[PDB]
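Student: Contents of final12.txt (compact mmCIF, C-alpha atoms) are given next:
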# COMPACT_ATOMS: atom_id res chain seq x y z
CA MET Z 1 -24.59 32.12 -51.18
CA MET Z 2 -21.27 30.62 -50.18
CA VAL Z 3 -18.83 32.42 -47.93
CA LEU Z 4 -15.50 30.95 -47.06
CA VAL Z 5 -14.41 32.04 -43.59
CA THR Z 6 -10.72 31.84 -42.62
CA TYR Z 7 -9.91 32.69 -39.05
CA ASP Z 8 -6.31 33.54 -37.99
CA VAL Z 9 -6.01 33.07 -34.28
CA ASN Z 10 -3.04 31.87 -32.28
CA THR Z 11 -3.87 28.49 -30.76
CA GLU Z 12 -0.90 28.25 -28.51
CA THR Z 13 -2.83 29.87 -25.64
CA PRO Z 14 -6.10 28.93 -23.86
CA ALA Z 15 -7.64 32.34 -24.78
CA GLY Z 16 -6.88 31.86 -28.47
CA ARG Z 17 -8.34 28.32 -28.52
CA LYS Z 18 -11.42 29.68 -26.70
CA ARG Z 19 -12.00 32.22 -29.39
CA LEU Z 20 -11.47 29.59 -32.10
CA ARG Z 21 -14.10 27.36 -30.46
CA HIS Z 22 -16.55 30.29 -30.17
CA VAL Z 23 -15.98 31.17 -33.86
CA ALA Z 24 -16.43 27.49 -34.80
CA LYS Z 25 -19.69 27.27 -32.88
CA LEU Z 26 -21.05 30.31 -34.67
CA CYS Z 27 -19.86 29.21 -38.17
CA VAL Z 28 -20.89 25.60 -37.95
CA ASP Z 29 -24.53 26.76 -37.47
CA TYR Z 30 -24.30 27.84 -41.18
CA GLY Z 31 -21.80 25.42 -42.73
CA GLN Z 32 -18.93 22.97 -42.48
CA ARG Z 33 -15.72 23.23 -40.50
CA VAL Z 34 -13.48 21.76 -43.31
CA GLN Z 35 -10.25 22.59 -41.43
CA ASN Z 36 -9.66 23.69 -37.86
CA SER Z 37 -9.97 27.34 -38.66
CA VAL Z 38 -11.70 27.26 -42.07
CA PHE Z 39 -15.46 27.24 -42.58
CA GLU Z 40 -17.57 26.84 -45.67
CA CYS Z 41 -20.74 28.76 -44.83
CA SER Z 42 -24.02 28.81 -46.81
CA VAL Z 43 -25.70 32.04 -45.86
CA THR Z 44 -28.34 34.50 -47.11
CA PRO Z 45 -27.20 38.14 -47.36
CA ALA Z 46 -28.92 38.97 -44.07
CA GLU Z 47 -27.39 35.86 -42.31
CA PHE Z 48 -23.95 37.07 -43.56
CA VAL Z 49 -24.50 40.50 -42.00
CA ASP Z 50 -25.56 39.01 -38.69
CA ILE Z 51 -22.54 36.67 -38.70
CA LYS Z 52 -20.11 39.49 -39.20
CA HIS Z 53 -21.66 41.44 -36.42
CA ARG Z 54 -21.32 38.50 -34.04
CA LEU Z 55 -17.76 37.65 -35.16
CA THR Z 56 -16.66 41.23 -34.42
CA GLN Z 57 -17.35 40.76 -30.61
CA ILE Z 58 -15.55 37.40 -30.33
CA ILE Z 59 -12.27 38.10 -32.01
CA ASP Z 60 -9.50 40.04 -30.53
CA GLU Z 61 -9.27 42.65 -33.35
CA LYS Z 62 -5.72 43.52 -32.37
CA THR Z 63 -4.26 40.06 -32.73
CA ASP Z 64 -6.68 38.03 -34.92
CA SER Z 65 -8.20 38.42 -38.39
CA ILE Z 66 -11.02 36.90 -40.34
CA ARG Z 67 -11.20 36.86 -44.11
CA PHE Z 68 -14.42 36.27 -46.01
CA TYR Z 69 -14.24 35.04 -49.57
CA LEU Z 70 -17.53 35.19 -51.50
CA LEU Z 71 -17.22 32.10 -53.68
CA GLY Z 72 -19.29 31.68 -56.85
CA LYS Z 73 -22.24 29.34 -57.38
CA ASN Z 74 -20.69 25.94 -58.29
CA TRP Z 75 -17.75 26.77 -55.94
CA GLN Z 76 -17.80 23.03 -54.94
CA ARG Z 77 -16.41 22.19 -58.40
CA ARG Z 78 -13.53 24.57 -57.68
CA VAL Z 79 -11.91 23.14 -54.54
CA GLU Z 80 -9.12 20.61 -54.59
CA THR Z 81 -7.22 19.11 -51.75
CA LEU Z 82 -3.76 17.97 -51.66
CA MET T 1 -5.08 31.12 -62.11
CA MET T 2 -5.69 32.68 -58.67
CA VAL T 3 -5.55 29.99 -56.07
CA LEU T 4 -6.28 30.38 -52.38
CA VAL T 5 -4.20 28.00 -50.30
CA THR T 6 -5.34 27.09 -46.81
CA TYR T 7 -2.97 25.04 -44.67
CA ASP T 8 -4.14 23.28 -41.49
CA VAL T 9 -1.22 22.34 -39.30
CA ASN T 10 -0.91 22.14 -35.53
CA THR T 11 1.32 25.09 -34.51
CA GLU T 12 1.45 23.83 -30.93
CA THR T 13 4.36 21.58 -31.97
CA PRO T 14 7.73 22.85 -33.18
CA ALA T 15 7.56 20.30 -36.04
CA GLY T 16 4.23 21.75 -37.11
CA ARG T 17 5.60 25.27 -36.94
CA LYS T 18 8.58 24.15 -39.02
CA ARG T 19 6.35 22.71 -41.66
CA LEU T 20 4.37 25.95 -41.72
CA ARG T 21 7.62 27.92 -42.23
CA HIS T 22 8.47 25.69 -45.21
CA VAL T 23 4.90 25.90 -46.61
CA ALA T 24 5.03 29.68 -46.36
CA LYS T 25 8.47 29.92 -47.90
CA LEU T 26 7.18 28.03 -50.91
CA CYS T 27 3.81 29.76 -51.21
CA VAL T 28 5.22 33.31 -50.96
CA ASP T 29 7.26 32.64 -54.03
CA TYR T 30 3.88 32.48 -55.90
CA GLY T 31 1.76 34.93 -53.93
CA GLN T 32 1.04 36.74 -50.75
CA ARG T 33 0.71 35.40 -47.21
CA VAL T 34 -2.53 37.05 -46.05
CA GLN T 35 -2.82 35.22 -42.74
CA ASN T 36 -0.55 32.86 -40.77
CA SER T 37 -1.60 29.87 -42.87
CA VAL T 38 -3.50 31.35 -45.78
CA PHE T 39 -1.91 32.30 -49.11
CA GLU T 40 -3.27 34.08 -52.14
CA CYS T 41 -1.28 32.68 -55.05
CA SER T 42 -1.29 33.55 -58.70
CA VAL T 43 -0.02 30.58 -60.71
CA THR T 44 0.05 29.03 -64.12
CA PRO T 45 -1.37 25.54 -64.50
CA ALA T 46 2.22 24.12 -64.73
CA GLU T 47 3.26 26.07 -61.62
CA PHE T 48 0.22 24.71 -59.78
CA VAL T 49 1.20 21.12 -60.61
CA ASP T 50 4.73 21.85 -59.32
CA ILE T 51 3.61 23.57 -56.20
CA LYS T 52 1.33 20.63 -55.29
CA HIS T 53 4.19 18.12 -55.70
CA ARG T 54 6.41 20.32 -53.49
CA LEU T 55 3.80 20.78 -50.83
CA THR T 56 3.26 17.05 -50.78
CA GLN T 57 6.91 16.58 -49.85
CA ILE T 58 6.63 19.18 -46.99
CA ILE T 59 3.33 18.44 -45.19
CA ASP T 60 2.59 15.52 -42.95
CA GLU T 61 -0.35 14.01 -44.82
CA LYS T 62 -1.50 12.03 -41.75
CA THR T 63 -2.01 15.09 -39.60
CA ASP T 64 -2.14 18.14 -41.87
CA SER T 65 -4.25 19.22 -44.83
CA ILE T 66 -4.17 21.76 -47.66
CA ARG T 67 -7.15 23.05 -49.56
CA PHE T 68 -6.97 24.97 -52.81
CA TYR T 69 -9.80 27.28 -53.83
CA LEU T 70 -9.76 28.38 -57.44
CA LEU T 71 -11.01 31.94 -57.34
CA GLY T 72 -12.49 33.64 -60.37
CA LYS T 73 -11.35 36.85 -62.07
CA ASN T 74 -11.85 39.97 -59.88
CA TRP T 75 -11.85 37.77 -56.74
CA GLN T 76 -10.00 40.89 -55.26
CA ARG T 77 -13.42 42.67 -55.17
CA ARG T 78 -15.04 39.74 -53.34
CA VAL T 79 -12.82 39.45 -50.20
CA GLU T 80 -13.80 41.27 -47.00
CA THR T 81 -11.78 41.28 -43.66
CA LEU T 82 -12.15 41.78 -39.86
CA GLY T 83 -9.26 42.40 -37.43
Show how you would write the structure in this file as structure tokens.
Tutor:
Amino acid sequence: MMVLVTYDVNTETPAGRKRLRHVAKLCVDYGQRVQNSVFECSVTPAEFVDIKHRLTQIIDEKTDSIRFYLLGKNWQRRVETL
Amino acid sequence: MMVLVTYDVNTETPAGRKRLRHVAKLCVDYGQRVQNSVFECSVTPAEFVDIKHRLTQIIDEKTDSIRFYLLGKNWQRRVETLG
């Protein structure tokens, strides 16, 4: 299944860029980094669980957020770019 | 149509932050800013055409990008968050 991962982290500090790079390393194991902080991940339900668990320890939960959008099959036919 | 807008701009520059302010100002007329550079927009097909033209005039197409994800009905029940 496809999960779109959008990570909101402030990249104006070294710590924030460090977390973005850690998140990117994790997410790119399961998909494509289509934008600096947006990942298209192809994951089984158990891979998705594992990913969330790992993402929890990396982010600063007070200042960052991650959103996960469960996109349908044929989601590729429903993305446009400007 | 529910359209997720994701804007990649370099906020380390004041020009990039300015563009993001103008992107957000536009997008929040059509939806909700859910993260710094992510917008959940509910638009008609005509509004979507207009919004794209407007965004094209704001972003720097050499350095920035925008992606639009057309989400299905009840997408609200298929978004999970951390942080």
Student: Between T:9, T:58, T:23, T:70, single out the one closest to chain Z, counting all atoms listed in the file.
Tutor: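 With all atoms listed in the file as the atom set, the closest residue is T:70.
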Student: Which residues are close to residue 4 (chain T), i.e. within 6 Å by all atoms listed in the file, leaving aside same-chain residues fewer than 2 positions away? Reply as a VMD selection string.
Tutor: chain T and resid 39 to 40 68 to 69
Student: Output as a list in words the set of chain Z residues within 7 Å of chain T, with distances taken over only C-alpha atoms.
Tutor: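 Here is what falls inside 7 Å: residues 8, 12, 35, 36, 61, 62, 64, 65, 66, 67, 68, 69, 70, 78, 79, 80, 81 and 82 of chain Z.
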Student: Can those selected residues be exported to a file as a compact mmCIF listing (two decimals), in the coordinates of the input so that it contains C-alpha atoms?
Tutor:
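Listing of result-v1.txt after writing:
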# COMPACT_ATOMS: atom_id res chain seq x y z
CA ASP Z 8 -6.31 33.54 -37.99
CA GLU Z 12 -0.90 28.25 -28.51
CA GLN Z 35 -10.25 22.59 -41.43
CA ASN Z 36 -9.66 23.69 -37.86
CA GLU Z 61 -9.27 42.65 -33.35
CA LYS Z 62 -5.72 43.52 -32.37
CA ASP Z 64 -6.68 38.03 -34.92
CA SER Z 65 -8.20 38.42 -38.39
CA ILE Z 66 -11.02 36.90 -40.34
CA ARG Z 67 -11.20 36.86 -44.11
CA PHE Z 68 -14.42 36.27 -46.01
CA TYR Z 69 -14.24 35.04 -49.57
CA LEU Z 70 -17.53 35.19 -51.50
CA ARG Z 78 -13.53 24.57 -57.68
CA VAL Z 79 -11.91 23.14 -54.54
CA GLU Z 80 -9.12 20.61 -54.59
CA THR Z 81 -7.22 19.11 -51.75
CA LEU Z 82 -3.76 17.97 -51.66
Student: May I ask which of the residues T:29, T:17, T:41, T:74 is the closest one to residue 2 (chain T), counting all atoms listed in the file?
Tutor: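 Ranking T:29, T:17, T:41, T:74 by distance to residue 2 (chain T), first place goes to T:41.
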Student: Report, in Å to a single decimal, how far apart CA of residue 62 (chain T) and CA of residue 9 (chain Z) are.
Tutor: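 Between these atoms lies a distance of 22.8 Å.
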Student: What is the distance, in Å and to one decimal place, between CA of residue 48 (chain Z) and CA of residue 60 (chain Z)?
Tutor: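 CA of residue 48 (chain Z) sits 19.7 Å away from CA of residue 60 (chain Z).
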Student: To one decimal place, how far is CA of residue 49 (chain Z) from CA of residue 34 (chain Z) in Å?
Tutor: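 One can read the CA of residue 49 (chain Z) to CA of residue 34 (chain Z) distance as 21.8 Å.
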Student: Draw an axis-aligned box over all listed atoms of region 16-27 of chain T, pad each side with 3 Å, and write its centre and edge lengths in Å, one decimal, as AutoDock Vina command-line options.
Tutor:
--center_x 6.2 --center_y 25.8 --center_z -44.1 --size_x 10.8 --size_y 14.2 --size_z 20.3
Student: Find the residue from Z:16, Z:32, Z:3, Z:63 that sits nearest to residue 51 (chain Z); use all atoms listed in the file when measuring.
Tutor: Z:3
